[PDB]
Every structure is written in structure tokens, then in C-alpha cells.
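> please find the sequence and an experimentally derived structure below.
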Amino acid sequence: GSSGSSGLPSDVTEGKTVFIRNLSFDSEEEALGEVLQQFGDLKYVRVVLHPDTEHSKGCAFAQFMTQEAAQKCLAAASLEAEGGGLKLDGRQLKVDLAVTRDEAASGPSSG
């Protein structure tokens, strides 16, 4: 006798992100995206700018259409991986799975 055959529900959700670091002033939302598009379709490509002026900050955030896509960008952005490492305008690019977190939570009361 036995009992089990359990299993959790597996669904698809929006959990694909990509953050680029060490961006070059030459880099642009247009180019950047076209660089991460090769791997797969990009949902949205936005490049953060300086709060003071319109100086292209050395960082940008993008999104893929498929989880596998974002992952394909990493292994490629990792110069360590088997023949990888990306570069834009003589500047290496660091792509990592980013996430939009919102610092906010309730704390447990005490006696």
C-alpha cells in the first residue's frame, strides 16, 4: 500500500529581467536593445539616466519575452563562460537577472 502522486501547479508568469552594468556613453536604448534582441524578443528596453542631468548613466534595464532568453544573454555576457563576454563601444557589458522589488512589509507585534 502507498499514497502520494502529489504535484504543484506549474504556470507561466512574467519573470524575465536583464540589467546591464558598465554601459558606455555611446550605448543607447536603441542599440542596447538591438544587442539583447539577438538572443530573443525584447519586451521593453529602458536606460536609466542621471537624476541631475540627461547624462546616460552606465546602467540600463531590459526585459525579454521568454525566461530562456534572458538566461541566454547572461551566459553570453559572462566573459568567463565558454567564449562569452559582451562589449559595446570598447566597454564590457554586465547582464544580470534584475528584479523590481518594493521595500515594504508589515512587522509582527510584540507582547
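That came through fine. Numbering: from 1, shown residues only.
> remind me, longest helix of this protein?
As assigned by DSSP state H, the longest helix anywhere in the chain is helix 67-77.
> what's the next secondary structure element after that helix?
Under the assignment DSSP states H and E, the closest C-terminal helix or strand after helix 67-77 is strand 86-87.
> just checking: what are the partner strands of that following strand?
strand 92-96 (antiparallel) (DSSP bridges).
> tell me the bridge partners for the residue most central in space within the chain.
Using C-alpha atoms, centre = their mean, the residue of the chain that lies closest to the mean C-alpha position is residue 18, 1.0 Å off. With DSSP bridges as the criterion, residue 18 is bridged to residue 62.
> ok, it - contacts?
Residue 18 makes contacts with 36, 61, 62, 63, 64, 70, 73, 74, 95, 96, 97, 98, as judged by C-beta atoms under 8 Å, 6 or more residues apart in numbering. (Each C-beta comes from the backbone N, C-alpha and C, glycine too.)
> any figure for the gap between the last one and residue 16?
Same thing as residue 98. For residue 98, the distance to residue 16 equals 10 Å [C-beta to C-beta, to the nearest Å].
> which of the two has more residues huddled nearby?
residue 16 (21 against 18; other C-beta atoms under 10 Å).
> that one contacts residue 43, doesn't it?
Yes - Residue 16 is in contact with residue 43 according to C-beta atoms under 8 Å; the separation is 7.4 Å.
> what touches both of those two?
63, 64, 65.
> nearest to residue 82, of those?
The shortest gap between residue 82 and any of those belongs to residue 64, at 21.1 Å (C-beta to C-beta).
> buried residues, stretch 28-40. List them.
Neighbour counts over stretch 28-40 (16 or more other C-beta atoms under 10 Å) mark 28, 32, 33, 35, 36, 37, 39, 40 as buried.
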